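K.L.:
One structure follows; several queries about it will come next.
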Amino acid sequence: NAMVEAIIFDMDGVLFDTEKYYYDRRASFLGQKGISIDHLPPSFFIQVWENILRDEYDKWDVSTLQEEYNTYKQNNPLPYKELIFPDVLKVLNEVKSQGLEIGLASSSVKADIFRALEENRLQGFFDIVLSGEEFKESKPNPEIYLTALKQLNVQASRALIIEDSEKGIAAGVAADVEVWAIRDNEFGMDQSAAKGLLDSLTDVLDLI
Amino acid sequence: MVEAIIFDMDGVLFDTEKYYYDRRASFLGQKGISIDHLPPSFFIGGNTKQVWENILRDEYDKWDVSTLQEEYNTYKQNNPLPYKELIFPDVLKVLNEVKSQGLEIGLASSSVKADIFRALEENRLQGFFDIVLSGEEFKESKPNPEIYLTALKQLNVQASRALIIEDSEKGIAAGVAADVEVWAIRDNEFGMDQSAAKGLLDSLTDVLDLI
């Protein structure tokens, strides 16, 4: 019930539906090696080769598995065009029409943020784009969001953050900014710290 | 005494190798084409134009490959890389110093010539290079030495008095096959075998210790 001058969006889980794809990509790689991951549901991932390999741990050169998995991810990049939520461009366009500043904050590496935005005609919507990889700090530390406010030149009280993960929500709130989370109905993410939960990105329009 | 240095472009002057690899891999995914069977060394510094049989394997006969390549070329045009954001922070320092020492300088890349020209113009690098060559201009892809043998001819410098600064397995191989001493920017990302290079470099600044 206050003036909103800027909206800052997280990327994964907010603009792109990524969690299942990440899980399935790992599962596919392991399947190719003959390694089962049935004992670790997606929730487990909400450092872990010993958990993954379980009884088979001593049978594998883990350095080599990591190298092969890395190659697999290079050969199977996240298909951002397929995973974008279908209301993203509509919502961002409307936020922009209303004259609000728009920020993007993401824990993803800059090369991936670049490709996600370019593949989906998104780069023109954002006034400021930040990657967690240029910060010493990681969520739940609020540094990324404090930086976003500074670079957007917007007071915390006049900003809104749209998040999903427990650590991401925590980072936004510790920046003294109102946080709404895209409701997670699948992975058990604890989103109780958010001001409220949104069924989709379209619901963000009701906050401004 | 070194008379000329030939720099490869991607992964040497610009931090573009992830961008380049992910762009191709994304394009292929969009087409429903799997490259799980191929190591990154197969692609990096190579030419997709010539290797569609290796890519498509049993599916090769099912595709209009001419049109597929045209579409990929269009894709690269429509998805330009941000050269101004990716130039390594010591490029101008190094190029000015090499120029000051009176060495000839070449630039070669497997990127199409339009991409190279844009990278040069955008970053004010045009004045450094005696010769600029694209793999687009040659029938034979790296690891074939054609591009580097042509660079030596056009620079009018003998192989024994040249150095090549590379990054990829295929690029190193091309340089060695031209009988030129090659140093490589260390690959900590793609797992490429750079052992054919004379030595590895942590940054472009290390090049200055070679002359």
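Ordering of the structure tokens sets the chain letters (A, B, ...), residue numbers begin anew at 1 in every chain, and ligands are numbered from 1 in the order given.
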Using backbone DSSP assignments, extract all strand (DSSP E) residues from stretch 45-194 of chain A; output them as an MDAnalysis selection string.
P.N.:
chainID A and resid 101:106 128:131 159:163 178:182
K.L.:
Using only C-alpha atoms, I'd like every residue of chain B that has an atom within 8 Å of chain A; please write them out as an mmCIF file with N, CA and C atoms, in the first residue's frame.
P.N.:
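The resulting file, out-v6.cif, is shown below:
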data_model
loop_
_atom_site.group_PDB
_atom_site.id
_atom_site.type_symbol
_atom_site.label_atom_id
_atom_site.label_comp_id
_atom_site.auth_asym_id
_atom_site.auth_seq_id
_atom_site.Cartn_x
_atom_site.Cartn_y
_atom_site.Cartn_z
ATOM 1 N N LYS B 18 32.894 -19.666 -23.594
ATOM 2 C CA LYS B 18 31.597 -20.159 -23.077
ATOM 3 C C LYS B 18 30.406 -19.649 -23.900
ATOM 4 N N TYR B 19 30.406 -18.348 -24.186
ATOM 5 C CA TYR B 19 29.350 -17.732 -24.995
ATOM 6 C C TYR B 19 29.207 -18.440 -26.341
ATOM 7 N N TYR B 21 30.310 -21.466 -27.286
ATOM 8 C CA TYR B 21 29.973 -22.886 -27.159
ATOM 9 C C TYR B 21 28.493 -23.040 -26.805
ATOM 10 N N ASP B 22 28.041 -22.218 -25.857
ATOM 11 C CA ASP B 22 26.663 -22.319 -25.394
ATOM 12 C C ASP B 22 25.703 -21.868 -26.487
ATOM 13 N N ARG B 23 26.111 -20.900 -27.308
ATOM 14 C CA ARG B 23 25.240 -20.429 -28.422
ATOM 15 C C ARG B 23 24.996 -21.565 -29.440
ATOM 16 N N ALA B 25 25.486 -24.836 -28.869
ATOM 17 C CA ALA B 25 24.821 -25.940 -28.201
ATOM 18 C C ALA B 25 23.334 -25.654 -27.997
ATOM 19 N N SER B 26 23.010 -24.397 -27.708
ATOM 20 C CA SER B 26 21.606 -23.990 -27.600
ATOM 21 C C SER B 26 20.891 -24.126 -28.940
ATOM 22 N N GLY B 29 20.216 -27.798 -29.599
ATOM 23 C CA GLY B 29 19.114 -28.235 -28.732
ATOM 24 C C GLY B 29 17.767 -27.793 -29.276
ATOM 25 N N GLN B 30 17.713 -26.557 -29.768
ATOM 26 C CA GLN B 30 16.495 -26.011 -30.361
ATOM 27 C C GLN B 30 16.054 -26.808 -31.590
ATOM 28 N N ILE B 35 24.486 -33.507 -29.100
ATOM 29 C CA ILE B 35 25.949 -33.571 -29.256
ATOM 30 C C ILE B 35 26.657 -34.214 -28.049
ATOM 31 N N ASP B 36 25.917 -35.036 -27.295
ATOM 32 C CA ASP B 36 26.454 -35.762 -26.132
ATOM 33 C C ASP B 36 27.683 -36.612 -26.461
ATOM 34 N N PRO B 39 33.265 -34.330 -27.583
ATOM 35 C CA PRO B 39 33.959 -33.533 -26.565
ATOM 36 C C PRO B 39 33.999 -32.067 -27.022
ATOM 37 N N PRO B 40 34.068 -31.097 -26.087
ATOM 38 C CA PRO B 40 34.222 -29.704 -26.533
ATOM 39 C C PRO B 40 35.387 -29.427 -27.502
ATOM 40 N N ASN B 79 22.621 -13.418 -32.879
ATOM 41 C CA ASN B 79 23.021 -13.573 -31.485
ATOM 42 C C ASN B 79 24.474 -13.161 -31.279
ATOM 43 N N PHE B 190 37.151 -26.241 -20.293
ATOM 44 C CA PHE B 190 36.643 -27.240 -21.250
ATOM 45 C C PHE B 190 37.336 -28.608 -21.260
ATOM 46 N N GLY B 191 38.397 -28.738 -20.476
ATOM 47 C CA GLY B 191 39.155 -29.990 -20.383
ATOM 48 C C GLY B 191 39.942 -30.357 -21.622
#
K.L.:
Would you pick out the contacts of residue A:28 at 12 Å or less, using only C-alpha atoms, so that residues sharing its chain but fewer than 2 positions from it are not included, and give the list as a list in words?
P.N.:
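Final neighbour list, sorted by chain and number: residues 20, 21, 22, 23, 24, 25, 26, 30, 31, 32, 33, 34, 35, 36, 37, 38, 69, 72, 73 and 76 of chain A; 36 of chain B.
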K.L.:
Please save C-alpha atoms of the selected residues as a CSV table (one decimal), in the first residue's frame.
P.N.:
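part.csv written:
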chain,number,residue,atom,x,y,z
A,20,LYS,CA,13.0,-29.7,-12.5
A,21,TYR,CA,15.2,-29.2,-15.6
A,22,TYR,CA,18.4,-28.9,-13.5
A,23,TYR,CA,17.4,-32.1,-11.6
A,24,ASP,CA,16.5,-34.0,-14.8
A,25,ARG,CA,19.7,-32.9,-16.6
A,26,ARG,CA,21.8,-34.4,-13.7
A,30,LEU,CA,23.9,-40.2,-14.3
A,31,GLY,CA,21.5,-42.5,-16.3
A,32,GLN,CA,24.1,-42.5,-19.1
A,33,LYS,CA,26.8,-43.7,-16.6
A,34,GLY,CA,24.4,-46.4,-15.3
A,35,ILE,CA,24.1,-44.5,-11.9
A,36,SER,CA,20.7,-44.3,-10.3
A,37,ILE,CA,19.5,-41.1,-8.5
A,38,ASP,CA,16.1,-42.5,-7.4
A,69,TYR,CA,29.2,-34.0,-15.8
A,72,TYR,CA,27.5,-32.9,-20.2
A,73,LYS,CA,26.2,-29.5,-19.0
A,76,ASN,CA,23.2,-29.5,-22.7
B,36,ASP,CA,26.5,-35.8,-26.1
K.L.:
Between A:153, A:138, A:120, A:1, single out the one closest to residue A:85, counting only C-alpha atoms.
P.N.:
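Among the listed residues, the smallest separation from residue A:85 belongs to A:120.
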K.L.:
Report as a ChimeraX atom specification: the residues of stretch 10-124 of chain A with a DSSP assignment of helix (DSSP H, G or I), based on the backbone of this structure.
P.N.:
/A:19-33,42-45,49-59,62-75,80-83,88-97,110-119,123-124
K.L.:
Within 12 Å of residue A:62, counting only C-alpha atoms, which residues show up once you throw out same-chain ones fewer than 5 positions away? Write them as a CSV table (one decimal) with N, CA and C atoms, in the first residue's frame, please.
P.N.:
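Saved file selection-v1.csv follows:
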chain,number,residue,atom,x,y,z
A,47,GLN,N,29.3,-31.1,-4.1
A,47,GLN,CA,29.4,-31.4,-2.7
A,47,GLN,C,28.8,-32.8,-2.3
A,48,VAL,N,28.1,-33.4,-3.3
A,48,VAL,CA,27.2,-34.5,-2.9
A,48,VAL,C,27.5,-35.8,-3.6
A,49,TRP,N,28.7,-36.0,-4.2
A,49,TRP,CA,28.9,-37.2,-4.9
A,49,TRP,C,28.8,-38.5,-4.1
A,50,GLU,N,29.2,-38.4,-2.8
A,50,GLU,CA,29.0,-39.5,-1.9
A,50,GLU,C,27.5,-39.8,-1.6
A,51,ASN,N,26.7,-38.8,-1.5
A,51,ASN,CA,25.2,-39.0,-1.4
A,51,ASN,C,24.7,-39.7,-2.7
A,52,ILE,N,25.1,-39.1,-3.9
A,52,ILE,CA,24.7,-39.6,-5.2
A,52,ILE,C,25.1,-41.1,-5.4
A,53,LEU,N,26.3,-41.4,-5.2
A,53,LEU,CA,26.9,-42.7,-5.5
A,53,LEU,C,26.5,-43.8,-4.5
A,56,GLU,N,27.9,-47.3,-4.2
A,56,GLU,CA,28.8,-47.4,-5.3
A,56,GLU,C,30.0,-46.4,-5.2
A,57,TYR,N,30.1,-45.6,-4.1
A,57,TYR,CA,31.0,-44.5,-4.0
A,57,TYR,C,32.5,-45.0,-4.3
A,67,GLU,N,34.3,-34.1,-14.1
A,67,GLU,CA,34.7,-33.6,-15.4
A,67,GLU,C,33.7,-33.9,-16.5
A,68,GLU,N,33.2,-35.2,-16.5
A,68,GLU,CA,32.2,-35.7,-17.5
A,68,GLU,C,30.9,-35.0,-17.3
A,69,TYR,N,30.5,-34.7,-16.1
A,69,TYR,CA,29.2,-34.0,-15.8
A,69,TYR,C,29.3,-32.6,-16.3
K.L.:
Using only C-alpha atoms, which of the listed residues (B:107, B:167, B:135, B:189) sits closest to residue B:201?
P.N.:
B:167
K.L.:
Nearest to residue B:171 among B:78, B:119, B:44, B:85, with distances taken over only C-alpha atoms: which residue is it?
P.N.:
B:44
K.L.:
Kindly give the distance, in Å, that separates atom CA of residue B:178 and atom CA of residue B:136, rounded to a single decimal.
P.N.:
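Separation of atom CA of residue B:178 and atom CA of residue B:136: 18.3 Å.
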